[PDB]
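Trainee: Just one file: upload.csv, with CSV, C-alpha atoms.
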chain,number,residue,atom,x,y,z
A,61,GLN,CA,102.9,113.7,114.1
A,62,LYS,CA,102.4,110.0,114.8
A,63,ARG,CA,101.3,110.4,118.4
A,64,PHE,CA,97.7,109.2,118.7
A,65,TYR,CA,96.2,106.6,116.4
A,66,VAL,CA,92.7,105.2,116.7
A,67,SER,CA,91.2,102.3,114.7
A,68,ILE,CA,88.0,103.3,112.8
A,69,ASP,CA,85.9,101.1,115.1
A,70,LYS,CA,86.6,103.5,118.0
A,71,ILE,CA,85.7,106.6,115.9
A,72,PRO,CA,82.1,108.0,116.4
A,73,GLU,CA,79.9,107.8,113.3
A,74,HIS,CA,79.0,111.5,113.8
A,75,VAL,CA,82.7,112.2,113.2
A,76,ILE,CA,83.1,110.0,110.1
A,77,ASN,CA,79.8,111.4,108.7
A,78,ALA,CA,80.8,114.9,109.4
A,79,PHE,CA,84.0,114.5,107.4
A,80,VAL,CA,82.2,112.7,104.5
A,81,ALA,CA,79.4,115.2,104.2
A,82,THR,CA,81.8,118.1,104.2
A,83,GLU,CA,84.8,116.8,102.1
A,84,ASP,CA,83.6,113.9,100.0
A,85,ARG,CA,79.9,113.2,100.2
A,86,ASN,CA,80.3,110.3,97.7
A,87,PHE,CA,83.4,108.7,99.3
A,88,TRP,CA,81.7,105.3,99.9
A,89,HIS,CA,80.8,105.0,96.2
A,90,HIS,CA,83.6,106.3,94.0
A,91,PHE,CA,86.9,104.7,93.0
A,92,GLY,CA,89.3,107.4,94.2
A,93,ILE,CA,88.2,110.1,91.8
A,94,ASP,CA,84.8,111.6,91.7
A,95,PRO,CA,83.7,112.7,88.2
A,96,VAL,CA,80.3,114.2,89.2
A,97,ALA,CA,82.1,116.0,92.0
A,98,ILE,CA,84.5,117.6,89.6
A,99,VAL,CA,81.6,118.6,87.3
A,100,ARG,CA,79.4,119.8,90.2
A,101,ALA,CA,82.5,121.7,91.3
A,102,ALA,CA,82.7,123.1,87.8
A,103,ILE,CA,79.0,124.1,87.5
A,104,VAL,CA,79.1,125.8,90.9
A,105,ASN,CA,82.3,127.2,89.5
A,106,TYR,CA,81.4,129.9,87.0
A,107,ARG,CA,77.9,130.1,88.5
A,108,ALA,CA,79.3,131.2,91.9
A,109,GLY,CA,82.3,133.3,90.8
A,110,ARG,CA,84.2,131.1,88.5
A,111,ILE,CA,85.3,129.1,91.6
A,112,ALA,CA,83.7,127.3,94.6
A,113,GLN,CA,83.6,123.5,95.2
A,114,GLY,CA,86.7,121.3,95.7
A,115,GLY,CA,86.3,118.2,93.5
A,116,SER,CA,89.0,116.4,95.6
A,117,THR,CA,88.0,113.1,97.2
A,118,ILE,CA,89.1,112.0,100.6
A,119,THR,CA,91.5,109.5,98.9
A,120,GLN,CA,93.1,112.2,96.8
A,121,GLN,CA,93.6,114.1,100.1
A,122,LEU,CA,95.2,111.1,101.7
A,123,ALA,CA,97.5,110.7,98.6
A,124,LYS,CA,98.3,114.4,98.6
A,125,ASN,CA,99.6,114.0,102.1
A,126,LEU,CA,101.8,111.0,101.2
A,127,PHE,CA,104.3,113.1,99.3
A,128,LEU,CA,107.4,114.2,101.2
A,129,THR,CA,107.6,117.5,99.3
A,130,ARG,CA,104.6,119.8,98.9
A,131,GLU,CA,104.4,120.9,95.3
A,132,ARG,CA,101.0,121.8,94.0
A,133,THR,CA,101.5,121.5,90.2
A,134,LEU,CA,99.2,119.9,87.7
A,135,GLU,CA,101.1,116.6,87.3
A,136,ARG,CA,101.2,116.5,91.1
A,137,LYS,CA,97.4,116.5,91.3
A,138,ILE,CA,97.6,113.7,88.7
A,139,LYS,CA,100.2,111.6,90.5
A,140,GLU,CA,97.8,111.9,93.5
A,141,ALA,CA,94.9,110.9,91.4
A,142,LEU,CA,96.7,107.8,90.2
A,143,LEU,CA,97.9,107.0,93.7
A,144,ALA,CA,94.4,107.4,95.0
A,145,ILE,CA,93.1,105.0,92.4
A,146,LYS,CA,95.7,102.3,93.2
A,147,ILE,CA,95.0,102.9,96.9
A,148,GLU,CA,91.3,102.3,96.2
A,149,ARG,CA,92.2,99.0,94.5
A,150,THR,CA,94.4,97.9,97.4
A,151,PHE,CA,92.5,98.8,100.6
A,152,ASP,CA,88.8,99.1,101.3
A,153,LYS,CA,86.9,102.3,102.2
A,154,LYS,CA,86.8,101.8,105.9
A,155,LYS,CA,90.6,101.4,105.9
A,156,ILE,CA,91.2,104.4,103.7
A,157,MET,CA,88.8,106.4,105.9
A,158,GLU,CA,90.8,105.2,108.9
A,159,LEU,CA,94.2,106.2,107.5
A,160,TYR,CA,92.9,109.6,106.3
A,161,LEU,CA,91.2,110.4,109.6
A,162,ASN,CA,94.5,109.7,111.5
A,163,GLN,CA,96.9,111.6,109.3
A,164,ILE,CA,94.8,114.7,108.5
A,165,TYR,CA,96.2,117.9,109.9
A,166,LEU,CA,93.5,119.7,112.0
A,167,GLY,CA,95.5,122.7,113.2
A,168,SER,CA,97.3,123.7,116.4
A,169,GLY,CA,99.9,121.0,115.8
A,170,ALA,CA,97.2,118.3,115.9
A,171,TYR,CA,97.3,115.3,113.5
A,172,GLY,CA,94.3,113.0,113.3
A,173,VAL,CA,91.0,113.1,115.0
A,174,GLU,CA,92.3,111.7,118.3
A,175,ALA,CA,95.0,114.4,118.6
A,176,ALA,CA,92.4,117.0,117.8
A,177,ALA,CA,89.8,115.7,120.2
A,178,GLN,CA,92.4,116.4,122.9
A,179,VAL,CA,93.9,119.7,121.7
A,180,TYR,CA,90.4,121.2,121.1
A,181,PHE,CA,88.1,119.5,123.7
A,182,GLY,CA,90.3,117.7,126.2
A,183,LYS,CA,88.4,114.4,125.2
A,184,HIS,CA,89.0,111.3,123.2
A,185,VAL,CA,87.7,111.2,119.7
A,186,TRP,CA,85.1,108.6,120.9
A,187,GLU,CA,83.8,111.0,123.5
A,188,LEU,CA,82.9,113.7,121.0
A,189,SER,CA,79.4,115.2,120.5
A,190,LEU,CA,77.8,115.9,117.2
A,191,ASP,CA,78.7,119.6,117.4
A,192,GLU,CA,82.3,118.7,118.4
A,193,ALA,CA,82.6,116.2,115.5
A,194,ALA,CA,81.2,118.9,113.2
A,195,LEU,CA,83.9,121.4,114.3
A,196,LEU,CA,86.7,119.1,113.4
A,197,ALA,CA,85.3,118.4,109.9
A,198,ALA,CA,85.3,122.1,109.4
A,199,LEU,CA,89.0,122.3,109.9
A,200,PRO,CA,90.6,120.2,107.0
A,201,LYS,CA,90.0,122.8,104.3
A,202,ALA,CA,92.0,125.4,106.3
A,203,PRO,CA,93.2,124.8,109.9
A,204,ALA,CA,94.6,128.4,110.4
A,205,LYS,CA,91.7,130.2,108.9
A,206,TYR,CA,89.1,128.3,110.9
A,207,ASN,CA,91.1,127.6,114.1
A,208,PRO,CA,88.6,127.9,117.0
A,209,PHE,CA,91.5,129.3,119.1
A,210,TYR,CA,91.8,132.6,117.3
A,211,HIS,CA,89.1,132.7,114.6
A,212,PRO,CA,86.2,131.4,116.7
A,213,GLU,CA,84.0,133.6,114.5
A,214,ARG,CA,84.8,131.8,111.2
A,215,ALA,CA,85.1,128.5,113.1
A,216,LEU,CA,81.7,128.4,114.6
A,217,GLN,CA,80.3,129.5,111.3
A,218,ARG,CA,81.9,126.8,109.2
A,219,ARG,CA,81.0,124.3,112.0
A,220,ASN,CA,77.3,125.0,111.6
A,221,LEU,CA,77.9,124.7,107.8
A,222,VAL,CA,79.2,121.2,108.3
A,223,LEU,CA,76.1,120.4,110.4
A,224,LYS,CA,73.9,121.6,107.6
A,225,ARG,CA,75.7,119.3,105.1
A,226,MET,CA,75.2,116.4,107.5
A,227,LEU,CA,71.5,117.2,107.8
A,228,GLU,CA,71.2,117.4,104.0
A,229,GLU,CA,73.0,114.1,103.7
A,230,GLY,CA,70.6,112.6,106.2
A,231,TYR,CA,73.3,111.8,108.7
A,232,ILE,CA,71.5,113.8,111.4
A,233,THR,CA,67.9,114.7,112.2
A,234,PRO,CA,66.3,118.2,112.1
A,235,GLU,CA,66.0,117.9,115.9
A,236,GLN,CA,69.7,117.1,116.3
A,237,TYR,CA,70.7,119.8,113.9
A,238,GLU,CA,68.8,122.6,115.7
A,239,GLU,CA,70.4,121.3,118.9
A,240,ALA,CA,74.0,121.3,117.6
A,241,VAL,CA,73.9,124.6,115.8
A,242,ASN,CA,73.1,126.2,119.1
A,243,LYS,CA,76.0,124.7,121.1
B,61,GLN,CA,92.6,92.0,95.6
B,62,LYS,CA,90.9,93.6,98.7
B,63,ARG,CA,89.2,90.4,99.9
B,64,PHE,CA,90.6,89.5,103.3
B,65,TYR,CA,92.0,92.1,105.7
B,66,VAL,CA,93.3,91.4,109.1
B,67,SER,CA,94.5,93.8,111.8
B,68,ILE,CA,98.0,93.3,113.0
B,69,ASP,CA,96.8,92.1,116.4
B,70,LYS,CA,95.3,89.0,114.8
B,71,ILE,CA,98.6,88.2,113.0
B,72,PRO,CA,100.9,85.6,114.6
B,73,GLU,CA,104.3,86.9,115.7
B,74,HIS,CA,105.9,84.0,113.9
B,75,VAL,CA,104.5,85.5,110.7
B,76,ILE,CA,105.5,89.0,111.4
B,77,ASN,CA,109.0,87.9,112.4
B,78,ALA,CA,109.3,85.6,109.4
B,79,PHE,CA,108.7,88.5,107.1
B,80,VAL,CA,111.0,90.9,109.0
B,81,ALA,CA,113.9,88.4,109.3
B,82,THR,CA,113.6,87.6,105.5
B,83,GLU,CA,112.9,91.0,103.9
B,84,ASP,CA,113.8,93.8,106.3
B,85,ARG,CA,115.7,92.6,109.4
B,86,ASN,CA,116.0,96.2,110.6
B,87,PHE,CA,112.4,97.3,109.9
B,88,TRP,CA,111.7,98.3,113.5
B,89,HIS,CA,114.6,100.7,113.6
B,90,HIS,CA,115.1,102.5,110.3
B,91,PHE,CA,113.2,105.4,108.9
B,92,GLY,CA,112.0,104.0,105.6
B,93,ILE,CA,115.4,103.6,104.1
B,94,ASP,CA,118.1,101.3,105.4
B,95,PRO,CA,121.6,102.6,104.7
B,96,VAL,CA,123.5,99.6,106.2
B,97,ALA,CA,121.2,97.3,104.4
B,98,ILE,CA,122.2,98.9,101.1
B,99,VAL,CA,125.9,98.8,102.0
B,100,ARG,CA,125.6,95.2,103.3
B,101,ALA,CA,123.7,94.5,100.0
B,102,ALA,CA,126.7,96.1,98.3
B,103,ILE,CA,129.5,94.2,100.1
B,104,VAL,CA,127.7,90.9,99.6
B,105,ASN,CA,127.4,92.3,96.1
B,106,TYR,CA,130.8,91.9,94.3
B,107,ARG,CA,131.8,89.4,97.0
B,108,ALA,CA,129.0,87.0,95.9
B,109,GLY,CA,128.9,87.6,92.2
B,110,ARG,CA,128.5,91.4,91.9
B,111,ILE,CA,124.9,90.9,93.1
B,112,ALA,CA,122.9,89.3,96.0
B,113,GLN,CA,121.1,91.2,98.8
B,114,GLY,CA,118.1,93.4,98.2
B,115,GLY,CA,118.6,96.6,100.2
B,116,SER,CA,114.8,97.4,100.0
B,117,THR,CA,113.0,97.9,103.2
B,118,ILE,CA,109.4,96.7,103.8
B,119,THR,CA,108.3,100.3,103.5
B,120,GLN,CA,109.9,100.8,100.1
B,121,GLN,CA,108.0,97.6,99.1
B,122,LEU,CA,104.7,99.0,100.4
B,123,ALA,CA,105.5,102.2,98.4
B,124,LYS,CA,106.5,100.3,95.3
B,125,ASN,CA,103.0,98.7,95.3
B,126,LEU,CA,101.2,102.0,95.8
B,127,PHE,CA,101.9,103.0,92.2
B,128,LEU,CA,99.2,102.3,89.6
B,129,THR,CA,101.7,101.7,86.8
B,130,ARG,CA,104.7,99.3,87.3
B,131,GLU,CA,107.8,101.0,86.0
B,132,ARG,CA,111.1,100.0,87.5
B,133,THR,CA,113.3,102.9,86.5
B,134,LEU,CA,115.8,104.7,88.8
B,135,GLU,CA,113.6,107.8,89.6
B,136,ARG,CA,110.9,105.3,90.4
B,137,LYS,CA,113.0,103.7,93.1
B,138,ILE,CA,113.5,107.2,94.4
B,139,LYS,CA,109.9,108.3,94.3
B,140,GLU,CA,109.3,105.1,96.3
B,141,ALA,CA,112.1,106.0,98.7
B,142,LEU,CA,110.6,109.5,99.3
B,143,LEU,CA,107.2,108.0,99.7
B,144,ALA,CA,108.5,105.4,102.2
B,145,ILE,CA,110.1,108.2,104.2
B,146,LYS,CA,106.9,110.3,104.4
B,147,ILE,CA,104.9,107.2,105.2
B,148,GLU,CA,107.4,106.5,108.0
B,149,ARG,CA,106.8,110.1,109.3
B,150,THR,CA,103.0,109.6,109.1
B,151,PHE,CA,102.2,106.1,110.5
B,152,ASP,CA,104.0,103.9,113.0
B,153,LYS,CA,105.8,100.7,112.3
B,154,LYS,CA,103.0,98.4,113.5
B,155,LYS,CA,100.6,100.2,111.1
B,156,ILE,CA,103.0,100.0,108.2
B,157,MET,CA,103.6,96.4,108.9
B,158,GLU,CA,99.9,95.8,109.0
B,159,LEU,CA,99.3,97.6,105.6
B,160,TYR,CA,102.2,95.9,103.9
B,161,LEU,CA,101.2,92.4,105.2
B,162,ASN,CA,97.7,92.8,103.8
B,163,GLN,CA,98.6,94.1,100.4
B,164,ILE,CA,101.7,92.0,99.6
B,165,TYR,CA,101.2,89.6,96.7
B,166,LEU,CA,102.0,86.0,97.7
B,167,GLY,CA,101.1,84.2,94.5
B,168,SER,CA,98.2,82.1,93.2
B,169,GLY,CA,96.1,85.2,93.1
B,170,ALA,CA,96.5,85.7,96.9
B,171,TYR,CA,96.9,89.2,98.4
B,172,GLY,CA,97.9,89.5,102.0
B,173,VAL,CA,98.6,86.9,104.6
B,174,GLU,CA,95.0,86.1,105.3
B,175,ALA,CA,94.3,85.3,101.7
B,176,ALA,CA,97.5,83.2,101.5
B,177,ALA,CA,96.8,81.3,104.7
B,178,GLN,CA,93.6,80.2,102.9
B,179,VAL,CA,94.9,79.5,99.4
B,180,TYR,CA,97.9,77.6,100.7
B,181,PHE,CA,96.8,76.0,104.0
B,182,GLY,CA,93.0,76.2,104.2
B,183,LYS,CA,93.5,78.1,107.5
B,184,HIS,CA,93.3,81.7,108.9
B,185,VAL,CA,96.5,83.6,109.2
B,186,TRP,CA,96.2,83.3,113.0
B,187,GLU,CA,96.0,79.5,112.8
B,188,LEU,CA,99.5,79.3,111.1
B,189,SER,CA,102.4,77.3,112.4
B,190,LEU,CA,106.0,78.5,112.4
B,191,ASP,CA,106.8,76.4,109.3
B,192,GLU,CA,103.6,77.7,107.6
B,193,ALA,CA,104.5,81.3,108.5
B,194,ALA,CA,108.0,80.7,107.1
B,195,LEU,CA,106.6,79.5,103.8
B,196,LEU,CA,104.7,82.7,103.2
B,197,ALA,CA,107.7,84.9,104.0
B,198,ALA,CA,109.6,83.0,101.4
B,199,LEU,CA,107.1,84.0,98.7
B,200,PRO,CA,107.4,87.9,98.5
B,201,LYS,CA,110.7,87.9,96.5
B,202,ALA,CA,109.1,85.8,93.8
B,203,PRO,CA,105.7,84.1,94.1
B,204,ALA,CA,105.9,82.2,90.8
B,205,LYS,CA,109.4,80.9,91.2
B,206,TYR,CA,108.8,79.7,94.8
B,207,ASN,CA,105.1,78.8,94.4
B,208,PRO,CA,104.6,75.6,96.6
B,209,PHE,CA,102.0,74.5,94.1
B,210,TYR,CA,104.4,73.8,91.2
B,211,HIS,CA,107.9,74.5,92.5
B,212,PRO,CA,107.6,72.7,95.9
B,213,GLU,CA,111.3,72.0,95.5
B,214,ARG,CA,112.5,75.6,95.5
B,215,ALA,CA,109.6,76.5,97.8
B,216,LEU,CA,110.5,74.1,100.6
B,217,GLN,CA,114.1,75.2,100.2
B,218,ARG,CA,113.5,78.9,100.5
B,219,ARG,CA,111.2,78.1,103.4
B,220,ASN,CA,113.9,76.5,105.5
B,221,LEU,CA,116.1,79.5,104.5
B,222,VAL,CA,113.5,81.9,106.1
B,223,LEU,CA,113.6,79.7,109.2
B,224,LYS,CA,117.3,80.0,109.4
B,225,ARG,CA,117.1,83.8,109.2
B,226,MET,CA,114.5,83.7,112.0
B,227,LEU,CA,116.8,81.6,114.1
B,228,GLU,CA,119.7,83.9,113.4
B,229,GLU,CA,117.6,86.9,114.3
B,230,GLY,CA,116.7,85.1,117.5
B,231,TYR,CA,113.0,85.0,116.7
B,232,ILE,CA,112.9,81.2,117.2
B,233,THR,CA,114.9,78.7,119.3
B,234,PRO,CA,117.2,76.0,117.9
B,235,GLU,CA,114.6,73.4,119.1
B,236,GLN,CA,111.8,75.1,117.1
B,237,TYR,CA,114.1,75.5,114.1
B,238,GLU,CA,115.0,71.8,113.9
B,239,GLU,CA,111.3,71.0,114.3
B,240,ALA,CA,110.1,73.4,111.5
B,241,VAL,CA,112.7,72.6,108.9
B,242,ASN,CA,111.5,69.0,109.0
B,243,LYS,CA,107.8,69.7,108.5
If you took the structure in this file and wrote it as structure tokens, what would it be?

Mentor:
Amino acid sequence: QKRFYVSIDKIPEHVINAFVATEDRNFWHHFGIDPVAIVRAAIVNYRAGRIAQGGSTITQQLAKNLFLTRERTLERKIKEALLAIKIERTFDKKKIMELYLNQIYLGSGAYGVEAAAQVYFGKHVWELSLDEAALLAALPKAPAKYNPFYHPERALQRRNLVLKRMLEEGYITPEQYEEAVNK
Amino acid sequence: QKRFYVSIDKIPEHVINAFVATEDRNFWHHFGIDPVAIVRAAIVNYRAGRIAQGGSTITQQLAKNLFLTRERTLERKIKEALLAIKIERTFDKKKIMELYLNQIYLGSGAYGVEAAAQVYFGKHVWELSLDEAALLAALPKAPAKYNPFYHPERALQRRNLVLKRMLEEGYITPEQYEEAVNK
């Protein structure tokens, strides 16, 4: 799971933005933990079926994956929160983004955006289109549930959802959006 | 402490080698933990005053520095060992080396080789000489004890010690060694 690595400079901005708008819209501004995100995850909590948003920042996700074992207790989330905060104090956002983007499991035995660009589109991460970038960003939350190889229904759906988030965040134009959702 | 970052490709091989020969001679071959190193640290333990070598790999050092708090308990060393092993499974050696080399505290408020190349020699890490590289590698174990700014005695000494390790590891030639130790 250390096959393809790619520096952040060789990663399309559509890809980075796709992941940010989908998983941590604030990423560039917080310190490893996102307060508002936890509260916004809490207000869209009981107001959407006592559960919805994630609250977890990209950094917490990176941390989460730095543990050998895979417990999911409370203190675990905390050890990840502390780790994420130290990580934030040690490396800059572009570096954290880079690491996260290269370690993130994206299903079908693919780790990192490069590996995924290959397994899913036979291309290099830097050859990806907006709609291709959007598809990858839709995987992190659940690679097996949204795997385009056997749940293309849910996959395509969550992909167009990523695209809407990007549009709302201003990462893409209405023109580009209409274009992508139809691919 | 996130000021100057420098990709590993812009880092002199004398620098990398200086750190490897001094802190983790096996770095490129182990899996995050170095068994032999712990045993060799143990045999040169009672045979040198019941204590000497370090046993800690570069990866354990990186891990050690990824904790917000700075405890030094037993389980702490273990959490670092597990972390180091997962890190090893996630990123390749050149990447780990890169991260470690950019986070490592080298005294005088300098973090990373770039920051140090400036604070200590007014140069960029890539402009360093063998004897300059050697000096930095001599800092990690104790920046205040070996700080060239006020312990130039101990500093110069441990610097020539790094140079000997490099020579023994074959990273430099006898010619280069004699040259450097006299700078």

Trainee: When you look at range 91-102 of chain B with a cut-off of 10 Å (counting only C-alpha atoms), what residues show up, excluding the ones that are within fewer than 3 positions of it in the same chain? I need them as a PyMOL selection string.

Mentor: chain B and resi 84-88+105-108+110-121+123+140-149+153

Trainee: What are the residues of chain B that have an atom within 12 Å of an atom of chain A, counting all atoms listed in the file, as number ranges by chain?

Mentor: B: 61-69, 122-130, 138-156, 158-165, 171-172

Trainee: Report the distance between CA of residue 190 in chain B and CA of residue 239 in chain B in Å, rounded to one decimal place.

Mentor: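 Atom-to-atom, CA of residue 190 in chain B to CA of residue 239 in chain B, that is 9.4 Å.
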
Trainee: Is it possible to see chain A as a compact mmCIF listing (two decimals) with C-alpha atoms, in the frame of the given file, once it has been laid onto chain B by a least-squares fit on every C-alpha atom in order?

Mentor:
# COMPACT_ATOMS: atom_id res chain seq x y z
CA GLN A 61 92.56 91.99 95.65
CA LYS A 62 90.88 93.57 98.67
CA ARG A 63 89.15 90.43 99.88
CA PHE A 64 90.57 89.52 103.29
CA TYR A 65 92.02 92.07 105.67
CA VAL A 66 93.31 91.32 109.14
CA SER A 67 94.43 93.86 111.78
CA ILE A 68 98.05 93.26 112.98
CA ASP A 69 96.78 92.19 116.41
CA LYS A 70 95.29 89.03 114.85
CA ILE A 71 98.54 88.20 112.96
CA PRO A 72 100.86 85.56 114.63
CA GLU A 73 104.25 86.92 115.70
CA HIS A 74 105.91 83.96 113.91
CA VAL A 75 104.44 85.42 110.71
CA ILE A 76 105.51 89.04 111.32
CA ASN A 77 108.99 87.82 112.41
CA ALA A 78 109.31 85.60 109.45
CA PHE A 79 108.68 88.50 107.08
CA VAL A 80 111.06 90.85 109.00
CA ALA A 81 113.91 88.41 109.20
CA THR A 82 113.67 87.60 105.54
CA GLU A 83 112.86 91.03 103.90
CA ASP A 84 113.88 93.75 106.30
CA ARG A 85 115.63 92.56 109.42
CA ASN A 86 115.99 96.20 110.63
CA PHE A 87 112.41 97.33 109.86
CA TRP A 88 111.62 98.31 113.49
CA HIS A 89 114.63 100.66 113.60
CA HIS A 90 115.06 102.49 110.30
CA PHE A 91 113.18 105.48 108.88
CA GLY A 92 112.01 103.97 105.58
CA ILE A 93 115.43 103.51 104.04
CA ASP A 94 118.10 101.30 105.39
CA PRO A 95 121.65 102.58 104.72
CA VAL A 96 123.54 99.62 106.28
CA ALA A 97 121.23 97.33 104.34
CA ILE A 98 122.16 98.95 101.09
CA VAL A 99 125.88 98.74 101.99
CA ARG A 100 125.61 95.15 103.29
CA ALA A 101 123.78 94.48 100.03
CA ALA A 102 126.68 96.09 98.24
CA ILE A 103 129.47 94.20 100.11
CA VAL A 104 127.70 90.89 99.55
CA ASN A 105 127.36 92.27 96.06
CA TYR A 106 130.73 91.96 94.36
CA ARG A 107 131.81 89.41 96.98
CA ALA A 108 129.04 86.98 95.92
CA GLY A 109 128.89 87.65 92.16
CA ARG A 110 128.52 91.33 91.87
CA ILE A 111 124.89 90.88 93.07
CA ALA A 112 122.99 89.29 96.02
CA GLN A 113 121.11 91.16 98.80
CA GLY A 114 118.06 93.41 98.22
CA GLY A 115 118.60 96.64 100.18
CA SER A 116 114.81 97.39 99.93
CA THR A 117 112.95 97.92 103.20
CA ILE A 118 109.47 96.71 103.85
CA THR A 119 108.26 100.36 103.53
CA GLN A 120 109.88 100.78 100.15
CA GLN A 121 108.03 97.57 99.15
CA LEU A 122 104.76 98.95 100.39
CA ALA A 123 105.43 102.24 98.43
CA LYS A 124 106.44 100.30 95.34
CA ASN A 125 103.06 98.67 95.39
CA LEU A 126 101.20 102.00 95.72
CA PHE A 127 101.91 103.02 92.15
CA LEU A 128 99.19 102.29 89.59
CA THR A 129 101.74 101.65 86.82
CA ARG A 130 104.70 99.32 87.28
CA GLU A 131 107.79 101.02 85.96
CA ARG A 132 111.06 99.99 87.48
CA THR A 133 113.32 102.97 86.58
CA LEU A 134 115.79 104.73 88.80
CA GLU A 135 113.63 107.78 89.64
CA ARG A 136 110.86 105.29 90.39
CA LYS A 137 112.95 103.63 93.10
CA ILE A 138 113.54 107.20 94.35
CA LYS A 139 109.91 108.30 94.31
CA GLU A 140 109.32 105.10 96.39
CA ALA A 141 112.10 105.98 98.70
CA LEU A 142 110.65 109.42 99.31
CA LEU A 143 107.16 108.00 99.71
CA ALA A 144 108.46 105.47 102.15
CA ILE A 145 110.09 108.19 104.19
CA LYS A 146 106.92 110.33 104.36
CA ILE A 147 104.97 107.16 105.18
CA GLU A 148 107.39 106.52 108.05
CA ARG A 149 106.73 110.06 109.33
CA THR A 150 102.96 109.64 109.11
CA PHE A 151 102.19 106.14 110.47
CA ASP A 152 103.98 104.00 113.00
CA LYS A 153 105.75 100.66 112.33
CA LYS A 154 103.00 98.40 113.48
CA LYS A 155 100.61 100.17 111.08
CA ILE A 156 103.01 100.08 108.17
CA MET A 157 103.67 96.39 108.93
CA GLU A 158 99.91 95.88 108.94
CA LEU A 159 99.30 97.59 105.59
CA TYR A 160 102.27 95.81 103.94
CA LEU A 161 101.27 92.39 105.25
CA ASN A 162 97.71 92.84 103.78
CA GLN A 163 98.61 94.14 100.36
CA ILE A 164 101.65 91.95 99.56
CA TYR A 165 101.13 89.60 96.67
CA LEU A 166 101.96 85.99 97.76
CA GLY A 167 101.14 84.14 94.54
CA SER A 168 98.23 82.06 93.22
CA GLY A 169 96.05 85.16 93.12
CA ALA A 170 96.48 85.66 96.88
CA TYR A 171 96.91 89.18 98.38
CA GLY A 172 97.89 89.52 102.02
CA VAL A 173 98.67 86.97 104.61
CA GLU A 174 95.02 86.10 105.31
CA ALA A 175 94.31 85.32 101.62
CA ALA A 176 97.44 83.24 101.52
CA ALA A 177 96.75 81.35 104.71
CA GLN A 178 93.61 80.12 102.94
CA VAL A 179 94.90 79.53 99.39
CA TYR A 180 97.97 77.62 100.71
CA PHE A 181 96.81 75.96 104.01
CA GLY A 182 93.04 76.24 104.18
CA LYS A 183 93.54 78.17 107.57
CA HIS A 184 93.35 81.67 108.87
CA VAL A 185 96.53 83.60 109.16
CA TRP A 186 96.17 83.33 113.00
CA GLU A 187 96.07 79.57 112.79
CA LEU A 188 99.44 79.26 111.09
CA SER A 189 102.44 77.28 112.43
CA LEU A 190 105.98 78.47 112.42
CA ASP A 191 106.80 76.43 109.31
CA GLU A 192 103.62 77.74 107.58
CA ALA A 193 104.48 81.37 108.51
CA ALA A 194 108.01 80.73 107.19
CA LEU A 195 106.65 79.53 103.80
CA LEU A 196 104.72 82.67 103.23
CA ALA A 197 107.72 84.93 104.00
CA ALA A 198 109.56 83.01 101.37
CA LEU A 199 107.12 84.03 98.73
CA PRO A 200 107.38 87.93 98.46
CA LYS A 201 110.67 87.94 96.58
CA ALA A 202 109.13 85.79 93.79
CA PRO A 203 105.65 84.18 94.07
CA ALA A 204 105.92 82.20 90.73
CA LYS A 205 109.40 80.96 91.24
CA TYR A 206 108.76 79.72 94.76
CA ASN A 207 105.05 78.76 94.47
CA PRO A 208 104.60 75.60 96.60
CA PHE A 209 101.98 74.47 94.02
CA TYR A 210 104.39 73.80 91.20
CA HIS A 211 107.92 74.50 92.49
CA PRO A 212 107.62 72.70 95.84
CA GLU A 213 111.34 71.98 95.45
CA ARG A 214 112.47 75.65 95.46
CA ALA A 215 109.64 76.49 97.88
CA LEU A 216 110.54 74.16 100.63
CA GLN A 217 114.12 75.18 100.22
CA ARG A 218 113.58 78.91 100.52
CA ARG A 219 111.13 78.16 103.41
CA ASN A 220 113.87 76.53 105.46
CA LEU A 221 116.07 79.54 104.49
CA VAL A 222 113.55 81.86 106.06
CA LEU A 223 113.57 79.68 109.20
CA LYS A 224 117.31 79.97 109.38
CA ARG A 225 117.09 83.80 109.19
CA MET A 226 114.54 83.74 111.99
CA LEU A 227 116.82 81.56 114.11
CA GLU A 228 119.75 83.91 113.43
CA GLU A 229 117.58 86.86 114.36
CA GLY A 230 116.63 85.10 117.57
CA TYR A 231 112.96 84.97 116.71
CA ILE A 232 112.92 81.18 117.14
CA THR A 233 114.83 78.64 119.22
CA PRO A 234 117.24 75.93 117.94
CA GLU A 235 114.62 73.40 119.10
CA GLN A 236 111.85 75.10 117.13
CA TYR A 237 114.04 75.49 114.10
CA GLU A 238 115.01 71.79 113.89
CA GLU A 239 111.29 71.04 114.28
CA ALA A 240 110.10 73.37 111.49
CA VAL A 241 112.75 72.54 108.95
CA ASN A 242 111.53 68.99 109.08
CA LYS A 243 107.82 69.70 108.46

Trainee: Would you compute the box with edges along x, y and z of the file around range 204-208 of chain B, including every atom the file lists for it and 5 Å extra on each side, and give its centre and edge lengths in Å to one decimal, as AutoDock Vina command-line options?

Mentor:
--center_x 107.0 --center_y 78.9 --center_z 93.7 --size_x 14.8 --size_y 16.6 --size_z 15.8

Trainee: I need the residue nearest residue 216 in chain B from this list: B:194, B:202, B:228, B:173. Use all atoms listed in the file for the distance.

Mentor: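 Ranked by minimum distance to residue 216 in chain B, first place goes to B:194.
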
Trainee: From the list B:191, B:209, B:183, B:134, which residue is nearest residue 238 in chain B when using only C-alpha atoms?

Mentor: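 Using only C-alpha atoms, residue 238 in chain B sits closest to B:191.
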
Trainee: Using all atoms listed in the file, determine which residues lie at most 8 Å from residue 179 in chain A, disregarding the query and same-chain residues fewer than 4 positions distant; provide the list as a list in words.

Mentor: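 The contact residues come out as residues 168, 170 and 175 of chain A.
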